[PDB]
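Asker: This one's experimental. Sequence and coordinates below.
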Protein chains: 28
Amino acid sequence: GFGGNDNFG
Amino acid sequence: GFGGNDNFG
Amino acid sequence: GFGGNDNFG
Amino acid sequence: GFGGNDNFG
Amino acid sequence: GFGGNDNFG
Amino acid sequence: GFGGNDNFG
Amino acid sequence: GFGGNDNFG
Amino acid sequence: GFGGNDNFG
Amino acid sequence: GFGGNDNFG
Amino acid sequence: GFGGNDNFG
Amino acid sequence: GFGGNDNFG
Amino acid sequence: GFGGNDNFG
Amino acid sequence: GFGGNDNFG
Amino acid sequence: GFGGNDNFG
Amino acid sequence: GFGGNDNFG
Amino acid sequence: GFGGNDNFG
Amino acid sequence: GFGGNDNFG
Amino acid sequence: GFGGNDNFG
Amino acid sequence: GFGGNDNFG
Amino acid sequence: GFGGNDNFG
Amino acid sequence: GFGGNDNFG
Amino acid sequence: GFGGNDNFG
Amino acid sequence: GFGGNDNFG
Amino acid sequence: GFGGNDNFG
Amino acid sequence: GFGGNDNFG
Amino acid sequence: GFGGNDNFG
Amino acid sequence: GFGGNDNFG
Amino acid sequence: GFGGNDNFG
C-alpha cells in the first residue's frame, strides 16, 4: 500500500 | 492532486 | 504481494 | 528442512 | 518534506 | 537530519 | 538565522 | 528574509 | 529456521 | 538431524 | 518400508 | 531491522 | 539398519 | 565520551 | 565538545 | 567407543 | 552488534 | 566389548 | 548446527 | 542359515 | 507366491 | 498403484 | 557356530 | 539323513 | 579484546 | 581357551 | 520346482 | 557313521 520506508505487500 | 484510482493492490 | 500458500519456516 | 507444499497421490 | 502538490525543502 | 541520515519523502 | 534543518528567515 | 505577499495552493 | 536477523543453526 | 538410517533434512 | 505406490525410507 | 535500516555499534 | 543387516524387497 | 549514536560534546 | 563562547540565538 | 563430547545431530 | 572482543551475526 | 555382530565401544 | 564444542575464551 | 546369509561369530 | 524374503513354492 | 488379479496360489 | 578350544561345523 | 544346516548323522 | 585508559575527555 | 584378561574397552 | 515325488531321505 | 567312540578333551 504505502512504503514510506518500505512495503512488503 | 496526486493520482486517484491508484489502487495499490 | 505474497499471495500464496507460503511457508516461512 | 523438508517442508514445502508437497502434493501427494 | 514529502509534498503532494508541492513542497519547499 | 542534522548529523542524521534520513529520507523525508 | 540558524535552522538545523531549514531556516526560512 | 522569505518576504512575500504571494498566493499558494 | 526463519532467521529474520540471524539463524544460528 | 542425526538420522541413524535416513535424514531428509 | 513397503512403498506400494512410493516409499520414503 | 528486517525492513528497517540499522547501524548498531 | 544402524548396526545390523537388512534386505529391501 | 562514548556517545553511541551521537556524542555532541 | 564545543564550549567557550557561543550563542545559538 | 565415543567417550568424547559427541553431539550427535 | 558491536561485539567487544568477538561478535557473531 | 565382545560384540558377536558389532561393537561400537 | 552453529557450534558444537568450541571455547570462547 | 538355509536360504539366508548367517554369521558364525 | 510373493515372498518378501523367501518363497519355497 | 498395484497390479490386481495376481493369483498368489 | 562358535567354539573356544573346539568346534564342529 | 537330512540337515538343512548340518547332518553329523 | 578491549583496552581503555583513553580520555574521551 | 579364550583365557585372558581381555580388557575389551 | 522341487516338484516331483522327491524323497528328501 | 559318526564314530562315537572318542573322548572329547
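Answerer: That came through, no problem. Numbering: from 1, shown residues only, chains lettered A, B, ... in the order given.
Asker: okay, CA-based contacts and neighbour counts for the rest of this
Answerer: OK.
Asker: Name the nearest residue to the closest residue to chain J within chain A, ignoring sequence neighbours.
Answerer: Using Cα to the nearest Cα, the single residue of chain A nearest to chain J is residue A:8, 29.1 Å away. Among residues not flanking residue A:8 along the chain, residue C:1 sits closest, at 6.6 Å (Cα to Cα, 6 or more residues apart in numbering or on different chains).
Asker: What of residue A:6?
Answerer: Leaving aside its chain neighbours, residue A:6 sits nearest to residue L:3 (6.7 Å; criterion: Cα to Cα, 6+ apart).
Asker: quick one: the one you found and residue A:4 touch, right?
Answerer: No: using Cα atoms under 8 Å as the test, residue L:3 is too far from residue A:4 to be in contact (11.4 Å).
Asker: and the residue nearest to residue A:8, helix, strand or coil?
Answerer: coil (DSSP: H, G, I helix; E, B strand; the rest coil).
Asker: just checking, it touches residue A:1?
Answerer: No: applying Cα under 8 Å, one finds residue C:1 not in contact with residue A:1, separated by 9.8 Å.
Asker: Need the residues touching each of these two.
Answerer: The contact sets of residue C:1 and residue A:1 overlap at A:9, B:9 (Cα atoms under 8 Å, 6 or more residues apart in numbering or on different chains).
Asker: Pick out whichever of those two has more residues nearby.
Answerer: residue A:1 (12 against 8; other Cα atoms under 10 Å in any protein chain shown).
Asker: Now do the contacts for the more buried one.
Answerer: Residues in contact with residue A:1 (Cα under 8 Å, 6+ apart) are A:7, A:9, B:8-9.
Asker: What of residue A:2?
Answerer: The contact partners of residue A:2, by Cα under 8 Å, 6+ apart, come to residue B:8.
Asker: do you know how far it is from chain T?
Answerer: 71 Å (Cα to the nearest Cα, to the nearest Å).
Asker: excluding its backbone neighbours, what's nearest residue A:7?
Answerer: Leaving aside its sequence neighbours, residue A:7 sits nearest to residue A:1 (Cα to Cα, 6+ apart; 6.8 Å).
Asker: which non-adjacent residue is nearest the residue of chain A positioned farthest from its centre?
Answerer: Most distant from the centre of chain A: residue A:9, at 7.2 Å, with distances by Cα atoms, centre = their mean. Closest residue to residue A:9 apart from its sequence neighbours, by Cα to Cα, 6+ apart: residue C:1 at 4.0 Å.
Asker: Could you do residue A:5 as well?
Answerer: In this structure, residue A:5 finds its nearest non-sequential neighbour in residue L:4, 7.6 Å apart by Cα to Cα, 6+ apart.
Asker: quick one: secondary structure of residue A:6?
Answerer: coil.
Asker: okay but it is in contact with residue L:5, surely?
Answerer: No: contact criterion Cα under 8 Å: residue A:6 and residue L:5 do not qualify, at 10.3 Å.
Asker: that older thread, count the residues that sit near the residue nearest to residue A:6.
Answerer: Counted with other Cα under 10 Å, the neighbours of residue L:3 add up to 10.
Asker: any idea how far chain S is from residue A:3?
Answerer: Between residue A:3 and chain S the distance is 35 Å, computed by Cα to the nearest Cα.
Asker: Now chain A against chain Y: closest residue?
Answerer: Going by Cα to the nearest Cα, chain Y is nearest to residue A:5 of chain A, at 35.2 Å.
Asker: Tell me how many other residues crowd that residue.
Answerer: Using other Cα under 10 Å, residue A:5 is surrounded by 11 other residues.
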